[PDB]
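Structure, as structure tokens:
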Amino acid sequence: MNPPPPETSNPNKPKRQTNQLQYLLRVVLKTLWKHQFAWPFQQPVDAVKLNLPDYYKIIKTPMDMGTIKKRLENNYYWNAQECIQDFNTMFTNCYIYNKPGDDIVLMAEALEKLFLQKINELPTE
Ligand SMILES: Cc1cc(CSc2nnc3ccccn23)on1
């Protein structure tokens with residue numbers, strides 16, 4: 001069974017829009033989204049459809065690019081580092097639940113490499 005997905009708005013949390021956050025949406029997320037290995041990461045893990053009822057028994061801080069995209073569109077984050085941490089959580093969750101060599105892990109590895117290439121240099125404020 002599936003927990004509620006992470007929040008994509010929070011009215012008591014202050015919003016911000018920076019050149020780096022705009023870039024993370026327009027360039028980094030939107031480019032990764034098109035990768036042939038992005039599809040599993042475009043929405044929250046559906047442990048019910050995948051028939052993996054232990055997924056959320058192991059992963060306690062779930063994240064996916066669908067959530068990230070909606071946060072970025074909401075101006076939910078204060079800075080790029082906060083958003084980059086949610087990408088890192090998403091990749092780390094994958095490596096926690098799965099083992100080296102697994103198809104899903106090869107996909108996460110590939111996207112993480114592309115992610116790091118793209119955030120190596122960000123715009124200036
Ligand atoms: C492809 C594929 C891999 C799996 C294994 S479960 C899993 N572990 N991390 C993620 C991330 C997204 C979708 C499924 N995930 O299901 N479909």
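For the structure tokens, the naming scheme is as follows: chains receive sequential letters (A, B, ...) according to their order of presentation, residues are indexed from 1 within each chain, and ligands are indexed from 1 in presentation order.
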Any residue with an atom at most 6 Å from ligand 1 counts, using only C-alpha atoms and all ligand atoms. Which are they? Put them as a PyMOL selection string.
chain A and resi 40-41+45+94+97+104
Can you list, as a compact mmCIF listing (two decimals) with C-alpha atoms, in the first residue's frame, every protein, DNA or RNA residue that comes within 8 Å of residue 20 in chain A when you count only C-alpha atoms, leaving out same-chain residues fewer than 4 positions away?
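Printed below is around.txt as written:
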# COMPACT_ATOMS: atom_id res chain seq x y z
CA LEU A 24 16.86 23.58 -12.60
CA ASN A 79 17.19 27.73 -3.10
CA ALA A 80 18.74 25.36 -5.66
CA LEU A 122 24.62 26.82 -12.66
CA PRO A 123 23.63 30.40 -13.54
CA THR A 124 24.75 33.33 -11.37
CA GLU A 125 22.17 35.25 -9.25
For residue 29 in chain A, please output as a PyMOL selection string all residues within 9 Å (counting only C-alpha atoms; exclusion window: fewer than 6 positions along the same chain).
chain A and resi 23+65+68-69+115
List every residue of range 2-110 of chain A that DSSP, applied to the backbone, labels as alpha helix (DSSP H), and write the result as a ChimeraX atom specification.
/A:19-23,30-33,55-58,65-74,80-97,103-110
Once you have the residues from the selection above, write them out as an mmCIF file, in the first residue's frame, restricted to C-alpha atoms.
data_model
loop_
_atom_site.group_PDB
_atom_site.id
_atom_site.type_symbol
_atom_site.label_atom_id
_atom_site.label_comp_id
_atom_site.auth_asym_id
_atom_site.auth_seq_id
_atom_site.Cartn_x
_atom_site.Cartn_y
_atom_site.Cartn_z
ATOM 1 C CA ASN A 19 17.978 32.110 -11.647
ATOM 2 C CA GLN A 20 19.385 28.769 -10.454
ATOM 3 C CA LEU A 21 15.953 27.383 -9.592
ATOM 4 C CA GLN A 22 14.581 28.498 -12.965
ATOM 5 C CA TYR A 23 17.488 26.704 -14.644
ATOM 6 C CA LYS A 30 13.159 19.169 -18.332
ATOM 7 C CA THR A 31 16.132 17.603 -20.056
ATOM 8 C CA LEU A 32 16.418 14.599 -17.684
ATOM 9 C CA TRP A 33 12.641 14.096 -18.137
ATOM 10 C CA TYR A 55 8.962 -0.521 -0.862
ATOM 11 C CA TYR A 56 7.579 1.980 1.707
ATOM 12 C CA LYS A 57 8.494 -0.307 4.546
ATOM 13 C CA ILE A 58 12.098 0.415 3.599
ATOM 14 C CA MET A 65 10.898 13.926 -10.449
ATOM 15 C CA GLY A 66 7.134 14.446 -10.772
ATOM 16 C CA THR A 67 7.167 15.863 -7.207
ATOM 17 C CA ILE A 68 10.284 17.894 -7.934
ATOM 18 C CA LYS A 69 8.789 19.309 -11.134
ATOM 19 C CA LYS A 70 5.629 20.387 -9.250
ATOM 20 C CA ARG A 71 7.719 21.947 -6.440
ATOM 21 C CA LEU A 72 9.776 23.899 -8.967
ATOM 22 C CA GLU A 73 6.571 25.043 -10.736
ATOM 23 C CA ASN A 74 5.144 26.097 -7.286
ATOM 24 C CA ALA A 80 18.745 25.359 -5.663
ATOM 25 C CA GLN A 81 20.481 23.364 -2.981
ATOM 26 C CA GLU A 82 17.126 22.407 -1.463
ATOM 27 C CA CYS A 83 16.015 21.113 -4.854
ATOM 28 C CA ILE A 84 19.292 19.367 -5.577
ATOM 29 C CA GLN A 85 18.843 17.530 -2.240
ATOM 30 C CA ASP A 86 15.482 16.129 -3.427
ATOM 31 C CA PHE A 87 17.222 14.791 -6.596
ATOM 32 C CA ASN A 88 19.858 13.246 -4.367
ATOM 33 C CA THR A 89 17.205 11.648 -2.137
ATOM 34 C CA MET A 90 15.490 10.202 -5.209
ATOM 35 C CA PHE A 91 18.733 8.598 -6.466
ATOM 36 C CA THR A 92 19.804 7.401 -3.011
ATOM 37 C CA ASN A 93 16.375 5.757 -2.411
ATOM 38 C CA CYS A 94 16.879 3.743 -5.581
ATOM 39 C CA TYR A 95 20.355 2.516 -4.460
ATOM 40 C CA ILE A 96 18.958 1.699 -1.005
ATOM 41 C CA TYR A 97 16.041 -0.450 -2.152
ATOM 42 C CA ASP A 103 17.964 -2.567 -14.262
ATOM 43 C CA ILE A 104 16.400 0.239 -12.181
ATOM 44 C CA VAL A 105 19.867 0.969 -10.684
ATOM 45 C CA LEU A 106 21.497 1.223 -14.094
ATOM 46 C CA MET A 107 18.763 3.719 -14.969
ATOM 47 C CA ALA A 108 19.296 5.784 -11.771
ATOM 48 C CA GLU A 109 23.119 5.740 -12.291
ATOM 49 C CA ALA A 110 22.729 7.054 -15.858
#
Nearest residue to residue 5 in chain A out of A:118, A:77, A:61, A:112, using only C-alpha atoms?
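Closest residue, counting only C-alpha atoms: A:61.
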Which of these, A:18, A:36, A:51, A:8, has the shortest distance to residue 111 in chain A once you count only C-alpha atoms?
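Going through A:18, A:36, A:51, A:8 one by one, the smallest distance to residue 111 in chain A is for A:36.
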Rank A:27, A:38, A:48, A:63 by their smallest atom-to-atom distance to residue 1 in chain A, using only C-alpha atoms, and report the top residue only.
A:48
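The gap separating CA of residue 76 in chain A from CA of residue 10 in chain A is 7.4 Å, in Å to one decimal.
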Write out as JSON, numbers by chain the residues lying within 8 Å of residue 78 in chain A, counting only C-alpha atoms and excluding same-chain residues fewer than 5 positions away.
{"A": [14, 15, 16, 17]}
Those same residues, written as a short mmCIF file (atom, residue, chain, number, x, y, z; two decimals), in the first residue's frame with C-alpha atoms?
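Resulting contents of part.cif:
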data_model
loop_
_atom_site.label_atom_id
_atom_site.label_comp_id
_atom_site.auth_asym_id
_atom_site.auth_seq_id
_atom_site.Cartn_x
_atom_site.Cartn_y
_atom_site.Cartn_z
CA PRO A 14 8.30 30.88 2.18
CA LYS A 15 8.74 30.68 -1.58
CA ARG A 16 11.56 31.92 -3.73
CA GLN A 17 12.51 32.12 -7.42
#
How many Å separate CA of residue 64 in chain A from CA of residue 49 in chain A?
16.1 Å
